[PDB]
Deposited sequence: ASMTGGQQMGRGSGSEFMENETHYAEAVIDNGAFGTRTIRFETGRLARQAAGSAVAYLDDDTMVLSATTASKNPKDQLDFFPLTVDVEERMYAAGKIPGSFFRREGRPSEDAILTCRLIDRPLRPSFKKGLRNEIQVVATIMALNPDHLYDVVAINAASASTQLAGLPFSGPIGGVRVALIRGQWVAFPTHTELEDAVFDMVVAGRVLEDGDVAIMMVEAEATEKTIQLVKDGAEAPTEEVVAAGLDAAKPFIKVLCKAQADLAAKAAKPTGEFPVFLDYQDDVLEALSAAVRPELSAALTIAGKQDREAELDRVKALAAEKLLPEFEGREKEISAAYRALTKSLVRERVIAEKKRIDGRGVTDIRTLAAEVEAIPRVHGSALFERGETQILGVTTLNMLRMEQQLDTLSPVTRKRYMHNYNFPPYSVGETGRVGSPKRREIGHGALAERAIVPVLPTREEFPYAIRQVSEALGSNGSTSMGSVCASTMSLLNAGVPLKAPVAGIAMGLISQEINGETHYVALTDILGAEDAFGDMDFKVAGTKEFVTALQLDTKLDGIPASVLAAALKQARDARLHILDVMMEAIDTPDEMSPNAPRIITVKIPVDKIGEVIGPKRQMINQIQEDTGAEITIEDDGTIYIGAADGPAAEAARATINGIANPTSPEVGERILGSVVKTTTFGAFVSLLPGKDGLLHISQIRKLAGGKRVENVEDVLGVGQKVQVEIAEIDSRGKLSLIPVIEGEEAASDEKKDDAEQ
C-alpha cells in the first residue's frame, strides 16, 4: 500500500511550463483502477474505474459508462440551487463525458462484455484552468491501472493557436488570444509514433477580430498543423501514464473476450450467398435493394439451416461483417457507394427561409433524408441564460437546442429530457456559429436557436449548422459571415501489400459503420469554425488528410452557395420581435431599453 507518482512536463516556451502530475495508491483503493491527475498541483481530478464481476454477454455491444462529477467545493462555493447540493450534470460535464467516451470505448478489445464504468470527480479547480482535458488523462490512467484489456494509455491535450503558437493546456487568460481551440486525444504506437484518435475543435469568439488585427485565419492547413503540434504533448502524457502503471504494477485480471461468430459460419454463409449478396448490394434504390437483401437473407438462412441450430446470433453478425467487406470493397474497386453515389457526391440539397409562421426567424435545410428545421427567437438580454457551474461563464447570450425525436428515423421512443447525443450535437452546432455572431453591443438581444431534426440519416449536426445560419439571418441577426457544414468518412483498405485510402463526401448513417474514420467540418468561406474527428487508424499520410479536408472544404463551399440563394443578407427583423436600443407604463417599454413591439418611436 504505497503511493506512486509520474509527471508529464508541458513546455510552452515563452508562455511557461506546466505539469500534469499523476498519482495512484492512496485514494479509492477498492476500485479496479484509480488515479488522480493534477494540473500544476492545483486543479485536481480523481478518476475511478470499476468493472462488473461477470461479463454481460446478453448484449451485442460493449457497455461502458462515463460520469463526470463536478463538485462546487472545487471552486470554494456552496451550490446555488434551492437544495444547496449539485444535481443534474452541467453541459460541461456531459461534454467531458463524451470527450472521454469517444476515444476510450473503441480502445477496449473487441469482444469484451464486462460492464465498465468510469467516474471522474472534479475536486479542486483553479479558476483559470480548464478541467476537461485533465479529466481525459485521469480517466485513461485509472482504466489503465484497472488491468482492463484496452489499448492504453490514451493521452488527452488541448492546443490553442495563440499568437502564432499552439499552446498546450492553455488557461482562460491565454485563450483570450486564441484563434482556434482544439482538443486532441491519441495513443503511442509501438514504433513510437502518436496515433490521433479523437478531435474536438472550434474557432473562437475572438477569431475574426484577431485575424483582422494580424493573426492567421484557421484554415485546413492551420488546423492540420495544430494536429501535428499536439502529438509531442500526447506522447509525454502517455509516457507519464505508462510510467505510473509500471510503478504500480497492478495485476491484469482475467477478462473474457467473446467472438461475434466462429469462422465456420462465415465461410458457410459466404459460400452460400456471396455472389447474390454481392449483386444485391449493387442496387442503388434503398427500398428496391432492401428487397433483395431480405431475400438473400432467406436463400442463406435456408442453406445454413438446420445445419446451424442456435447459431443465429452468429449468422447475423457474420452477415453484417460480410456486407461491410463487400460494400467497402466496392467503394475502392468500383468507386461507388451503397446508394449509388460517387465518393465526392453530395445528396440532394434544398434550402429555404420563412418556413414557419409567426416565429422570429426560421429555415428548412435538406440534404438527402436529413432534414433540419431551424427556428430563431429574439428576446431582451434579461432572458439570456444564467449559469452557476465550475466554469467562469456565468451568462449565455446565444443558446442552441438540438431536438432529435424518434419519428426522425421512423420509430417510437421516449420524448423527454435531452440525451447525451443531443447535448453533443447541439454543442458542436452551437460552437460552429459562435465565431460569426455580432457582439452584445452591436446586437443587444438574447438569442435562442432551436434545431428540430425532422428527418435523419447523415450528420444532422452539420445540417443543424446550415439551418442555424439561414434561420438567424432570416430573423435579422447580422452574422459576420455565413456558416455551413459537411460530414465526411474515410475508407482504408490494404489491397495486396499496399494501403488504399478513399474519402467519402456527405456520408450516410451506414457509411459511418463501414468506414475507418469519421470527421465533420463547419466554417465560413474563409476558415474552419468547428471540426470533429474519430478514428482507430494508426495514422494516415499527410497528403491524404490534406486531400480529405480539401474535399470537405469544396463540399462546404458548394453548400454555402445553395444557402445564399435562399438568403444572402439578414432580413428585416420580424415585427413580432422586440426592438432594443413609471416610464414603462407611459412609454409602454421596459427598461439599454427597448421592450417595444416595434413602435415606441
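### Message
Should a student be asked to find the unmodelled regions, what ranges of the deposited sequence would be the right answer here?
### Response
Deposited residues absent from the model fall in 1-19, 601-621, 632-639, 650-757.
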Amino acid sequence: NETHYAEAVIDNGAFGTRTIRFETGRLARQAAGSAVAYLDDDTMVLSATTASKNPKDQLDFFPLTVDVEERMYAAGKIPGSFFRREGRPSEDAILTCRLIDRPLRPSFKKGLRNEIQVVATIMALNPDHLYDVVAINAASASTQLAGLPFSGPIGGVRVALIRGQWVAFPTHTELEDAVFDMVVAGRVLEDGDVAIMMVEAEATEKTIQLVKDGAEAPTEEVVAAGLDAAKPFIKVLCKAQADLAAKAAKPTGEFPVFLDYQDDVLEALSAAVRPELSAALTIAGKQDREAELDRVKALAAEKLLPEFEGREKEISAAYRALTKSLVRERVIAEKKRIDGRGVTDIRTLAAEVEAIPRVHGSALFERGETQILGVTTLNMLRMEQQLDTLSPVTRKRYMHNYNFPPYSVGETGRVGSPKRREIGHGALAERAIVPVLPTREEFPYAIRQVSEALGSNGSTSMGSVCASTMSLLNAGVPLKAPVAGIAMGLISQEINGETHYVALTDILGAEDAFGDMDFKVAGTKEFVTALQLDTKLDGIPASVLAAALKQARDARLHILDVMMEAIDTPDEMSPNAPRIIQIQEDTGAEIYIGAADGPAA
From here on, numbers count along this sequence of modelled residues.
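#### Entry: Mean temperature factor over C-alpha atoms, higher-scoring stretch between 104-112 and 201-209
It is 104-112.
### Task
Using the B-factors recorded in the PDB entry, average over the C-alpha atoms of 350-358 and of 242-250, then report which stretch comes out higher.
Result of the comparison: 242-250.
### Query
According to the deposited entry, which of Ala224, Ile196, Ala93, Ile283 has the largest Cα B-factor?
Each of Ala224, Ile196, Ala93, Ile283 was compared by C-alpha B-factor; the highest is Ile283.
### Task
Among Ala217, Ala268, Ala363, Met488, single out the one with the highest C-alpha B factor in the record, please.
Answer for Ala217, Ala268, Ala363, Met488: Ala268, with the highest C-alpha B-factor.
### Message
When the deposited Cα B-factors of this chain's modelled residues are ordered and cut into thirds, is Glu190 in the lowest, the middle or the highest one?
### Response
Its C-alpha B-factor belongs to the highest third of this chain's values.
### Message
Taking only the Cα B-factors deposited for this chain, tell me whether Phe255 sits in the lowest, middle or highest third.
### Response
Highest third - that is where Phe255 ends up once the chain's C-alpha B-factors are sorted.
### Task
Taking the values exactly as deposited, rank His172 by C-alpha B-factor within its chain and report the matching third: lowest, middle or highest.
Ranked within chain, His172 CA B lands in the lowest tercile.
#### Entry: Cα B factor band for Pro570 (lowest, middle or highest third within the chain)
Its C-alpha B-factor belongs to the middle third of this chain's values.
### Query
For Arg448, does the deposited CA B-factor place it in the lowest, middle or highest third of the chain?
Its C-alpha B-factor, which the entry lists for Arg448, ranks in the lowest third among residues of this chain.
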